[PDB]
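Undergrad: 3D, please:
(chains A, B, C, D and E, ligands or ions: 3)
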Amino acid sequence: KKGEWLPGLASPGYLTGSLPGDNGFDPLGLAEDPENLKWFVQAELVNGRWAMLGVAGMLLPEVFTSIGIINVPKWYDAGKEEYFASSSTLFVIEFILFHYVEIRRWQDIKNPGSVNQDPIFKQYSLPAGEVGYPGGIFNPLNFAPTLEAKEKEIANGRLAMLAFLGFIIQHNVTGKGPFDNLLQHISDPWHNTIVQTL
Amino acid sequence: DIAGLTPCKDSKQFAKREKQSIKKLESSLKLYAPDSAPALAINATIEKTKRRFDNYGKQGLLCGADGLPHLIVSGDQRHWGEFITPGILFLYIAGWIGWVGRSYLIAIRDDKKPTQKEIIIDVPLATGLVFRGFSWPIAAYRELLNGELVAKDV
Amino acid sequence: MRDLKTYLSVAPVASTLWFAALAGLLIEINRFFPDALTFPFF
Amino acid sequence: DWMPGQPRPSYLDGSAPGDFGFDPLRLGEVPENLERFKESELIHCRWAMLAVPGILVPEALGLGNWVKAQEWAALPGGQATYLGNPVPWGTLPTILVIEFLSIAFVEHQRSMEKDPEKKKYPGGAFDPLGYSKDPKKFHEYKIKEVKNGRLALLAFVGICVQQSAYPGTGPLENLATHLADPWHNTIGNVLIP
Amino acid sequence: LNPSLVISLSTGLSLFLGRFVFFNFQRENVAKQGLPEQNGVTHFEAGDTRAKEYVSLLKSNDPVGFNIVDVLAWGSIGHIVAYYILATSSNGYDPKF
Ligand code: CLA
Ligand code: CLA
Ligand SMILES: CC(/C=C/C=C(C)/C=C/[C@@]12O[C@]1(C)C[C@@H](O)CC2(C)C)=C\C=C\C=C(C)\C=C\C=C(C)\C=C\[C@@]12O[C@]1(C)C[C@@H](O)CC2(C)C
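TA: Numbering: from 1, shown residues only, chains lettered A, B, ... in the order given. Ligands and ions are numbered 1, 2, ... in the order given. Next comes the structure:
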């Protein structure tokens, strides 16, 4: 019992439940190759973590501002508000910082354990974990990287990715954020759906 | 503007063309009963013609000295709707088609009588394969990186 | 039935049905979004 | 290593002064091209290490920038200026041909040698202080040289592309306008206008 | 400006360069490039009587082998650039910054 996305359908051979969150869901045969699968598990993890952070920062501030604690703009507007620095300045800053961190992560994906150690201080390396979940300093509270815990992260990350898809499509066709959408729907549900939206 | 062309909405020849077009159809509507089938059909196409000219005006097309909406393909971002986004859509659809065909050819290449499955399509296998075209770009990228898209040995 | 299913998948008939479906689809698409010289949504 | 976690090219062990295994285009695959490449890299590095102080310190003084300082020649009555003095032999043709045959003689004299190590490190009349006495203090001097030289090449290409970004300005002027407001005067506005 | 001053000076400089600077380089290059050949033989060894090198006028009494044809070549270069200098120095042209 490795979980089944479609109860009556068997699971693919390349998927064997070894990876956390494996429910036998690959209809398009995207990972029939082992190296493709190894790359895609990392892709899913990083996309999902970014989506978690993203829709957290997209939605939680919105309800915080709509119950009268802070006053933040809408996510689809917050870029236009001007900050202490130019926007292009922030962009190139982020570009240089992200280029070094992503390159590091890439070098470990291609050859695991080759970039574990600090390049400046030759002590302070990382414990030999496994690609995708880099422990050590990236795990201060030192939680147990248990299999069930890894599955929870994969489960949440997929939900956050779908939530982000929903956020952007909702704002594109509706014209407002997520929380306004939800409260305006649950206000009068039978007359506030997509049908009335479209 | 670009290439000396002018925004059709503000051009005069573009309007003159619209009025002339609309004019001739109106003449065809006349000499028949005011609310007849043919007359109703002529009216329909008149409204359709007015909608097409207004749609052209709204989309911000470029009109020359003849008033015909010219298309810019240099890459100017004010004009990606004319060639480049339709081009990306086409490339997607054509890659879909070609990848599905190639997938099928590879899958049937292993039987003893492979020509039998070419003059007579295995439609169950084909329907199993058609929807991989949806992800064909990622699959083809990873196949090129793998080195299995292009046959070695040749 | 089995043989009728086979014959209905021979190359000429498979391709005529495919192209008739494609023609119907394109015809309806241009019946709903007529006179389209560009992609005006985004 | 130029990129931890990346295998080294076989022909680049790490003994040559300055070898950090950087060769993504595999240009030094054939050894007799690698010899000439080491020579040419050292020549470039030396020229730029000499040039960048010459780009910066006259503009640091009350003279024009490196491109303003070479545009009198674009005008017919061109007359040079050193330290605020009109040099006598200052017109364009005198300058041009004296420079031409000077450099041509010395450059031919240079490539008329077939060591090929003295090709890069000739020494003798070019080593008055005689820092080449200890074969390993010599080696780490070599390392320091090519390191500073790569830095200077980087600095020079940066200078000239900055010039192409803000035409009619000097590198120290760019440093000044950056220090005037660091969070608003950066490369951002030249990448995203 | 004084045309003869410039012509003589420039061709003298070109000849000085050819005899004292680029002589060895040109000599070794002309040696390593060799005589033109057809089917492995030089043009004279294939039956062409007119393609025989003029060994009489080519030998010289110069300490290094400077002879008539190379003074011809170097001096002609000197004259070419001398006339370029003259022509462009009085064409009165001017670009603009
Ligand atoms: C023949 C010469 C030439 C060429 C080659 C180009 C090329 C280009 N011009 Mg230009 N132009 C030219 C002449 C030319 N121009 C002239 C003479 C003028 C003066 C009139 C202009 C004026 C001009 C302007 C004003 C602009 C351009 C722009 C552009 C760029 C638009 C496309 C783009 O942004 O990238 C590509 C766009 C994408 C969305 C990338 C998606 C494509 C995908 C990745 C490929 C799809 C493949 C497949 C589906 C999937 C991959 C499969 C594979 C992995 C196997 C493009 C690179 C625009 C620009 O600056 O670009 C920003 C623009 O603003 N041009
Ligand atoms: C699996 C289908 C398939 C694929 C992937 C390709 C791919 C390719 N073809 Mg090709 N071709 C095909 C079918 C296919 N072809 C057929 C059926 C014919 C007979 C008319 C040709 C005749 C042909 C010629 C004469 C040339 C190519 C060329 C090429 C290459 C350049 C792209 C191009 O110009 O194509 C052009 C496409 C066509 C001329 C017509 C395509 C026919 C349809 C659209 C494809 C058929 C799909 C199939 C029936 C669907 C079955 C799926 C299954 C589920 C039932 C490219 C790699 C060119 C080349 O050599 O590149 C350098 C070239 O000169 N093709
Ligand atoms: C990363 C991501 C979003 C990141 C968002 C961020 C950072 C938002 C940041 C900001 O908000 C803040 C914080 C503050 C705001 O003021 C500003 C912005 C800038 C707005 C979404 C990913 C979103 C990713 C999505 C939606 C992925 C969908 C993938 C799907 C559906 C694939 C399904 C299948 O692949 C399987 C699983 C199996 C295959 O065989 C078949 C198919 C069907 C293909």
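Undergrad: Just give me the neighbour total for residue B:104.
TA: Residues near residue B:104, counting by other Cβ atoms under 10 Å in any protein chain shown, number 20. Any C-beta I mention is one placed from the backbone N, CA and C, and that applies to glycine too.
Undergrad: Once you drop chain neighbours, what's closest to it?
TA: For residue B:104, ignoring the flanking residues on the chain, the nearest one in space by Cβ to Cβ, 6 or more residues apart in numbering or on different chains is residue B:129 at 5.4 Å.
Undergrad: Using the three-state scheme, assign the one you found.
TA: Following DSSP: H, G, I helix; E, B strand; the rest coil, we place residue B:129 in the helix state.
Undergrad: likewise residue A:108?
TA: State at residue A:108, reduced to three classes by three-state DSSP: helix.
Undergrad: remind me, longest helix of chain A?
TA: helix A:34-66 (DSSP state H).
Undergrad: What residues of it count as buried?
TA: Neighbour counts over helix A:34-66 (16 or more other Cβ atoms under 10 Å in any protein chain shown) mark A:36, A:39-41, A:44-45, A:48, A:51-52, A:54-55, A:58-59, A:61-62, A:65 as buried.
Undergrad: which residues does the closest residue to residue E:36 other than its chain neighbours contact?
TA: Nearest residue to residue E:36 in three dimensions, chain neighbours excluded: residue E:43, at 6.1 Å (Cβ to Cβ, 6+ apart). Each residue near residue E:43 by Cβ atoms under 8 Å, 6 or more residues apart in numbering or on different chains is listed here: E:35-37, E:51.
Undergrad: of the residues you listed, closest to residue A:26?
TA: Of all the contacts of residue E:43, residue A:26 sits closest to residue E:37, with 68.0 Å by Cβ to Cβ.
Undergrad: Determine the number of other residues adjacent to the closest one.
TA: Other residues near residue E:37 number 11, with proximity taken as other Cβ under 10 Å.
Undergrad: ok, and the closest non-adjacent residue to it?
TA: That would be residue E:43: by Cβ to Cβ, 6+ apart, it lies 7.3 Å from residue E:37.
Undergrad: for the one you found, phi and psi?
TA: phi -60, psi -30 (degrees, to the nearest 10).
Undergrad: Show me which residues of chain A sit near chain B.
TA: A:27-30, A:33, A:35-36, A:39 (Cβ under 8 Å from any Cβ of the partner chain).
Undergrad: Among those residues, give me the pair with the biggest separation.
TA: Every pair of the residues of chain A next to chain B checked by Cβ to Cβ; the farthest is A:27 and A:35, at 20.3 Å.
Undergrad: Any idea how many residues pack against residue A:178?
TA: For residue A:178, the tally of surrounding residues (other Cβ under 10 Å) stands at 20.
Undergrad: can you pull out the helices in chain D?
TA: D:31-60, D:92-111, D:137-165, D:171-180, D:188-191.
Undergrad: Please apply the same query to chain E.
TA: Using DSSP H, helices in chain E cover E:3-20, E:23-33, E:55-58, E:68-90.
Undergrad: between those helices, which one is nearest to residue B:106?
TA: In terms of Cβ to Cβ, the element of these nearest to residue B:106 is helix E:23-33, at 55.9 Å.
Undergrad: Spatially central residue for the chain, please.
TA: Because you didn't say which chain, this covers chain A. Residue closest to the average C-alpha location in chain A (Cα atoms, centre = their mean): residue A:48, at 2.3 Å.
Undergrad: The chain in question should be chain E.
TA: Mean-position check on chain E, Cα atoms, centre = their mean. Result residue E:73 at 2.2 Å.
Undergrad: Any buried residues in stretch A:176-196, and which?
TA: Buried residues in stretch A:176-196, defined by neighbour count with 16+ other Cβ under 10 Å: A:177-181, A:185, A:192.
Undergrad: actually stretch B:32-48, not the one I typed
TA: B:39, B:42, B:46.
Undergrad: Turn the residues you listed into a markdown table, columns for distance to residue B:84 and secondary structure.
TA: Output for those, formatted as a markdown table (distance: Cβ to Cβ, whole Å; DSSP: H, G, I helix; E, B strand; the rest coil):
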| residue | distance to residue B:84 | secondary structure |
| --- | --- | --- |
| B:39 | 43 | helix |
| B:42 | 38 | helix |
| B:46 | 34 | helix |
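Undergrad: quick revisit: among the buried residues of helix A:34-66, which pair sits farthest apart?
TA: Counting by Cβ to Cβ, the most remote pair of the buried residues of helix A:34-66 is A:36 and A:65, 42.7 Å apart.
Undergrad: picking up where we left off before, and of the helices of chain E, who's closest to residue B:30?
TA: Smallest distance to residue B:30 across these (Cβ to Cβ): 79.2 Å, for helix E:68-90.
Undergrad: Please identify the buried residues of the closest one?
TA: Quick answer for helix E:68-90 (16+ other Cβ under 10 Å): E:70-71, E:74-75, E:77-78, E:81-82, E:85-86.
Undergrad: ok, that helix near chain D or not?
TA: Yes. Using Cβ under 8 Å from any Cβ, we find that helix E:68-90 touches chain D at E:85, E:89.
Undergrad: returning to what we had before: adding distance to residue D:129 as columns, could you present the helices of chain E in CSV?
TA: Putting those into CSV (distance: least, Cβ to Cβ, whole Å) gives the following:
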stretch, distance to residue D:129
helix E:3-20, 32
helix E:23-33, 32
helix E:55-58, 49
helix E:68-90, 40
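Undergrad: The ones you listed: which one's closest to residue D:127?
TA: Residue D:127 lies closest to helix E:23-33 among those, at 25.7 Å (Cβ to Cβ).
Undergrad: of all the buried residues of helix A:34-66, which comes closest to residue B:14?
TA: Nearest to residue B:14 among these: residue A:58, at 43.9 Å, using Cβ to Cβ.
Undergrad: Quick one: classify the spatially closest residue to the closest one that is not a sequence neighbour as helix, strand or coil.
TA: Closest residue in space to residue A:58, ignoring its immediate chain neighbours: residue A:75 at 4.5 Å, by Cβ to Cβ, 6+ apart. At residue A:75 the chain is in coil, as set by three-state DSSP.
Undergrad: who's in contact with residue A:75?
TA: Residues in contact with residue A:75, defined by Cβ under 8 Å, 6+ apart, are A:57-58, A:61-62, A:167, A:171, A:177.
Undergrad: just to revisit the earlier point, find the nearest non-adjacent residue to the residue nearest to the centre of chain E, please.
TA: residue E:18 (7.6 Å).
Undergrad: quick one: that neighbour and residue E:70 touch, right?
TA: Yes. Using Cβ atoms under 8 Å, residue E:18 is in contact with residue E:70, at 6.6 Å.
Undergrad: Mind listing the shared neighbours of the two?
TA: residue E:26.
Undergrad: what does chain E have sitting close to ligand 3?
TA: Chain E comes close to ligand 3 at no residue, as judged by Cβ under 6 Å from any ligand atom.
Undergrad: Looking at chain E, which residue is nearest ligand 2?
TA: Here chain E gets closest to ligand 2 at one residue, residue E:39, 40.8 Å apart by Cβ to the nearest ligand atom.
Undergrad: What of chain D?
TA: For chain D, Cβ to the nearest ligand atom, closest residue to ligand 2: residue D:25, 28.5 Å.
Undergrad: Stretch D:151-166: which residues count as buried?
TA: Applying 16+ other Cβ under 10 Å to stretch D:151-166 flags D:152-153, D:155-156, D:159, D:162-163 as buried.
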